[PDB]
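Beneath this line is the structure, given in structure tokens, with notes to follow.
Derivation of every value follows stated rules applied to the coordinates shown; laboratory data play no part. Cβ coordinates were reconstructed from backbone atoms using ideal geometry, including for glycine residues, and neighbour counts include every protein chain displayed.
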Amino acid sequence: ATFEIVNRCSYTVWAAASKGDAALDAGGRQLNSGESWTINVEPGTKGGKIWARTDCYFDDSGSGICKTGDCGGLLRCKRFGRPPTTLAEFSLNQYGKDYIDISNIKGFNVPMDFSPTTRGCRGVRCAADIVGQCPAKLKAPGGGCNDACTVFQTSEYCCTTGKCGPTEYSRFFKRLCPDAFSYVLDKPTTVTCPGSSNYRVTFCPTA
């Protein structure tokens, strides 16, 4: 599956792509404003994620730090990023279909659109100014809007027991971005696409 990752932000982002225990393609790359990075994701990839990282510094060996979405200080991500991170999530070729969604379960850092570039399904978008509107208690000093689980570490926010409901914090993300998961047990906003579709993830799709 091909994913074109486009940075429409006025600022540089460091794109990251991982399945949690491994990089997807090169795993990460710098994307200046307007740059596009095309990656190949292995068919059948289950639980893949693409995100942007902001205010990064990397040395000549690709080791450094990011203010948001840092994946153990690597330019080429092998693991998931440190919240807050808006997430493009996908599972490909799952019983003949692809499943995509955007999630705010790990908070929000950059607005995103995640759409197929092939026929048969619609895209999803979370392009609202979540950082600007972020409740005081969820604001991340390093930038972004944390999810409540990251901030408070409670069974209710983290849905530890599988018996959690929406909260004042999850309702904030849902109000701004109805098309993204706002908590683990949120009514699924997952889109079913034909198996082997191709996609584009666009950071800052509106601005």
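Sort out which residues of region 24-47 are part of a loop (DSSP other than H, G, I, E, B) and within 20 Å of residue 99 (Cα to Cα), and write them in order of number.
41, 42, 43, 44, 45, 46, 47, listed by residue number.
If the Cβ limit is 9 Å and pairs must be 6+ apart or interchain, which residue in region 1-28 that is surrounded by fewer than 23 Cβ atoms within 10 Å (Cβ to Cβ) pairs with which residue that is assigned to a strand (DSSP E or B) and of a type in the set (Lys, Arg)?
Final answer for the pair search is 4/200; 6/200; 19/49; 20/49.
Residues that are of a type in the set (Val, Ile, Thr), in a strand (DSSP E or B) and farther than 25 Å from residue 10 by Cα: does region 89-107 have at least one?
yes
Any idea which of (1) in a strand (DSSP E or B); (2) of a type in the set (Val, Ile, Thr); (3) more than 22 Å from residue 146 (Cβ to Cβ) is the one residue 50 doesn't satisfy?
So residue 50 meets the others, but not (3).
Scan 71, 77 and give me the residue that is more than 29 Å from residue 167 (Cβ to Cβ) and part of a loop (DSSP other than H, G, I, E, B).
Values: 71 fails: more than 29 Å from residue 167 (Cβ to Cβ).
Criteria check complete, one pass: 77.
Give the residue, chosen from 206, 202, that is exposed (fewer than 15 other Cβ atoms within 10 Å of the Cβ), out of contact with any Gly (no Cβ under 6 Å at 6 or more places or on another chain) and among the polar types (S, T, N, Q).
206
Of all the residues that make up region 76-103, how many are closer than 12 Å to residue 48 by Cα and among the β-branched types (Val, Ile, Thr)?
2
I'd like to verify a number: residues in region 10-66 that are in contact with an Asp or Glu (Cβ under 7 Å, 6 or more places away or on another chain) and over 24 Å from residue 196 (Cα atoms), how many?
2
For region 54-66, does any single residue satisfy the condition of being touching a residue at least 12 places away in the same chain (Cβ under 8 Å), buried (at least 17 other Cβ atoms within 10 Å of the Cβ), closer than 29 Å to residue 139 by Cα and under 16 Å from the mean Cα position of the chain (by Cα)?
Yes: one or more hits.
Condition (residue is crowded, with 22+ Cβ neighbours inside 10 Å, under 18 Å from residue 179 (Cβ atoms), under 15 Å from the mean Cα position of the chain (by Cα) and not β-branched (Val, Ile, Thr)) applied to region 131-150: is it met by at least one residue?
Yes, region 131-150 contains at least one residue that is crowded, with 22+ Cβ neighbours inside 10 Å, under 18 Å from residue 179 (Cβ atoms), under 15 Å from the mean Cα position of the chain (by Cα) and not β-branched (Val, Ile, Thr).
Can you name the number of the only condition in (1) out of contact with any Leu (no Cβ under 6 Å at 6 or more places or on another chain); (2) among the hydrophobic types (A, V, I, L, M, F, W, C); (3) over 30 Å from residue 120 (Cβ atoms); (4) surrounded by 15 or more Cβ atoms within 10 Å (Cβ to Cβ) that residue 164 fails?
Unmet condition: (1).
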